[PDB]
Each structure stands twice: as C-alpha cells, then as structure tokens.
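Please read the structure below before turning to the comments.
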Amino acid sequence: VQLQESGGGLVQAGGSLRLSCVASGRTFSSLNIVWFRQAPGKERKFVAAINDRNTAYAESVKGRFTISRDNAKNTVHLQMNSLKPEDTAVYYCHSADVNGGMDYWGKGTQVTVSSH
Amino acid sequence: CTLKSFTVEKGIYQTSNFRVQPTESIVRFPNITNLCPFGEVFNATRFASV
C-alpha cells in the first residue's frame, strides 16, 4: 500500500526534530531502510540507509543525523541536530527486505528550516 | 563375402547379426513444483538504485 510518514514540520535553527517511518508487516527484524530528501527547487539526494544493524550518513548529514530503529514497535526515529537552511527538503523513507522487494512508496512530509 | 570364396559348401553359416534398432528416443522427468521467483527478481515493483 504505502508507508506512513510523520515527524515533519517547520522549525527554526537549533531545534529538535524526529522523523518517523513505520512499515507494516511481520518481518521487521529482516527489514532494511533507505532514506532520501527532496528540496523544493533542488535535486533529491540520499540521506541515510540503515540496513541490518549498520548505520551510515552522507556528507551533510553525518553527526547531524542520528538514525535509529525500534524493533518493538517497527518504528524508525531520526534525531535531527544542527539545523541548516539549505537542508529544507521533503524526506522520502523506504522500507524493504534483504532481497529489495516489498517496495512501498512513502508520501513524504514537509520539513522546512527557517533562516535567521 | 564372409567365407572369402565364390563357392560355399552345403551347410548353415553364421553371418552378420540381427539387431532391432530403436524406434525413437523418449525422455521422462518428473513434474515441476517450485520455480525461482522471477516475478520478484525481474518483475519487482520498483528496481533498486545503482
């Protein structure tokens, strides 16, 4: 069907945000998550893929982004730190198994970083 | 030809043997139950990225 998305909002610099990606099913222990962001008027770029129990981040999101998963409730929480205006983007979260199947498209939430 | 002479004496002589050739070739392998999920390999909903 789809992937439920939340955690978005319009915040000023230095705030705290926590995006959420929950995929329904019964095999969460084998699920893999790939993240993306799409800025308005700019290119859509990869954010952070947490596969199995491994984590990684790109240039502009390393350290700033603290990705995490909840095996109890099939929840993925991304701690947001060091807000930058150029990172205002719509984040599309992806869920799949080790094969890469069970592809559902996330709607994407509106995330905005306000300049000062 | 097999006696190496143009005149053969009275008697019964062994010659080239008799052999019923096969009519045709027949192959029998059992039924097929499980096949690879090509509908999940090639017919995936959305292909991965490079």
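How things are named: the first chain in the structure tokens is A, the next is B, and so on; residues count from 1 in each chain; ligands count from 1 in the order shown.
Residue list for chain B within 9 Å of chain A: residues 40, 41, 44, 45, 46, 47 and 48 of chain B, counting only C-alpha atoms.
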Taking N, CA and C atoms for each residue, export the selection above as a CSV table (one decimal), in the first residue's frame.
chain,number,residue,atom,x,y,z
B,40,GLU,N,9.5,-11.8,-8.6
B,40,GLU,CA,10.1,-10.9,-7.6
B,40,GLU,C,11.6,-10.5,-8.0
B,41,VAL,N,12.2,-11.2,-9.0
B,41,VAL,CA,13.5,-10.8,-9.4
B,41,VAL,C,13.4,-9.7,-10.5
B,44,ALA,N,9.9,-6.9,-10.2
B,44,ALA,CA,9.9,-6.2,-8.9
B,44,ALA,C,9.0,-4.9,-9.1
B,45,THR,N,8.4,-4.5,-8.0
B,45,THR,CA,7.6,-3.3,-8.0
B,45,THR,C,8.4,-2.0,-8.4
B,46,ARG,N,9.6,-1.9,-7.8
B,46,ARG,CA,10.4,-0.8,-8.0
B,46,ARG,C,11.9,-1.2,-7.9
B,47,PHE,N,12.7,-1.1,-9.0
B,47,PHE,CA,14.0,-1.6,-9.0
B,47,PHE,C,14.9,-0.8,-8.1
B,48,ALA,N,16.0,-1.4,-7.6
B,48,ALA,CA,16.9,-0.7,-6.7
B,48,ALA,C,17.6,0.4,-7.4
What separation in Å, quoted to one decimal, exists between CA of residue 86 (chain A) and CA of residue 39 (chain A)?
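CA of residue 86 (chain A) sits 8.3 Å away from CA of residue 39 (chain A).
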